[PDB]
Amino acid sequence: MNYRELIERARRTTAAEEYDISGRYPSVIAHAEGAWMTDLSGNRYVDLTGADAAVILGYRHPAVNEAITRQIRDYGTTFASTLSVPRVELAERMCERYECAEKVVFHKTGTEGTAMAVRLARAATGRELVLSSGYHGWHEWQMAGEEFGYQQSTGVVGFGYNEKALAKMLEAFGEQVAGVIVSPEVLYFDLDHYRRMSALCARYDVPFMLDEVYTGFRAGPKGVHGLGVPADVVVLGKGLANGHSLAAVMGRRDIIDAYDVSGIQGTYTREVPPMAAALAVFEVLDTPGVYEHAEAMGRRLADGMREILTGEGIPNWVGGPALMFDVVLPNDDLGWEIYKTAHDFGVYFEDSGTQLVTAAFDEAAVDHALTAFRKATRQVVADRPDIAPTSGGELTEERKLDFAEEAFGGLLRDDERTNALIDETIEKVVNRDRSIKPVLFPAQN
């Protein structure tokens, strides 16, 4: 089949039009290896999406593939017992590897992983409320928590990465807070921002939980936590089994040991092959030079993209960790147009602007993507001058602050609107009808 034939069959039977077809490049991948993907007609592309961050080492990494296929073929996949030898070896490796990890439990998705983290924190502390910043998954309570404010029906207060807000919330009602769960954003904030968050939480005896489902292997080889941010729980997911479905919740012994009373479970949590894969992933990441080489390829790409944009006079900001750097542009139309055009030149750029190199990249792969980016940017600017300021200026502070709010719900201003939101939210929590709680297990009533 070709692209058109497959999408018409897909529209009839499985595809969500925007999520699966129109929001994505007009190709469907047939096979992929290392940094390179091949579509249904044999066209080749360098992937800069990391399979939407699922992949960290590269496609069909042979050590991961060997580990998973050996488990599937020589032992089995999902057994009548929930414990397995690879589960215990993986748990031991992760507990040795991570300062916060005293025990670790597993699941299939990051959405379920962060749900487990919140469920365990509530079960361990017996407290109702959770303070949240960042995407944690597609459940309603997670999505609503990305917006600043309190939802009494879920017991979640979004605080928009705002440290003034977090401090005032903990002072006003910290005794009701089971946990603070934060997806680290490290373009607009530095590590000290999260160190201060963690310290604030400890001051109030409130578990601090890092949702590293995205950052776990791209902020560094041991995530933001490993760069020196203390935490009581860390959730991992994207990259953990290099594309195979696995997530992990690791943290303080008493929080993890709330598993029984919490009622968490799941048929496939015990699934063994992806645990063998993750063990292989850790071994690769801890091989001398491998992660450093990956970051060097990310820097080569970021530096090249920054200079192409600046050379076109396009106001831009390219920054963040080498394996998850953001390309911030003056408006939300220019990037998508450039990235759509670059698909014609053999690259899958990440259309949201966070580019994701993998460990399989070499200089040739990076330079192929840079050549495509230069030609695509040139074509878009020549064809659509209105799309792009080309005067050589810098991004306005207004654009940078607006982008933070739009992109991840970050409330970075100290203005009248933001402070009014803080006041409104604290008053709504403190003044609420305490007889009305979310449904919790175990009950807190």
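Counting begins at 1, following the sequence as shown.
*Pick between 55 to 63 and 384 to 392: the one whose mean CA B-factor in the entry is higher.*
Looking at the recorded C-alpha B-factors, 384 to 392 comes out higher on average.
*State which stretch shows the higher mean Cα B factor in the entry: 188 to 196 or 352 to 360.*
Looking at the record's C-alpha B-factors, the answer is 188 to 196.
*Based on what the PDB entry reports, which of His136, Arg87, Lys103, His368 has the top C-alpha B-factor?*
Result of the comparison over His136, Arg87, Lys103, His368: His368.
*Between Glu92, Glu112, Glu163, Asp211, where does the Cα B-factor run highest in the record?*
Checking the PDB record, the top C-alpha B-factor among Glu92, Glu112, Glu163, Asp211 is at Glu163.
_Using only modelled residues of the chain, where does the Cα B factor of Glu295 rank: lowest third, middle third or highest third?_
Middle third of the chain for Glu295's C-alpha B-factor.
_Where the record places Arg378 (Cα B-factor, split into thirds across the chain)_ = Within its chain, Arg378 is a highest-third residue by C-alpha B-factor, going by the deposited values.
*Is the Cα B-factor recorded for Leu48 in the lowest, middle or highest third of its chain?*
For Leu48, whose C-alpha B-factor we compare with every modelled residue in the chain, the answer is the lowest third.
_Taking only the Cα B-factors deposited for this chain, tell me whether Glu271 sits in the lowest, middle or highest third._
It belongs to the lowest third of the chain when residues are ordered by C-alpha B-factor.
*Against its chain's modelled residues, does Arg306's Cα B factor rank lowest, middle or highest third?*
Lowest third.
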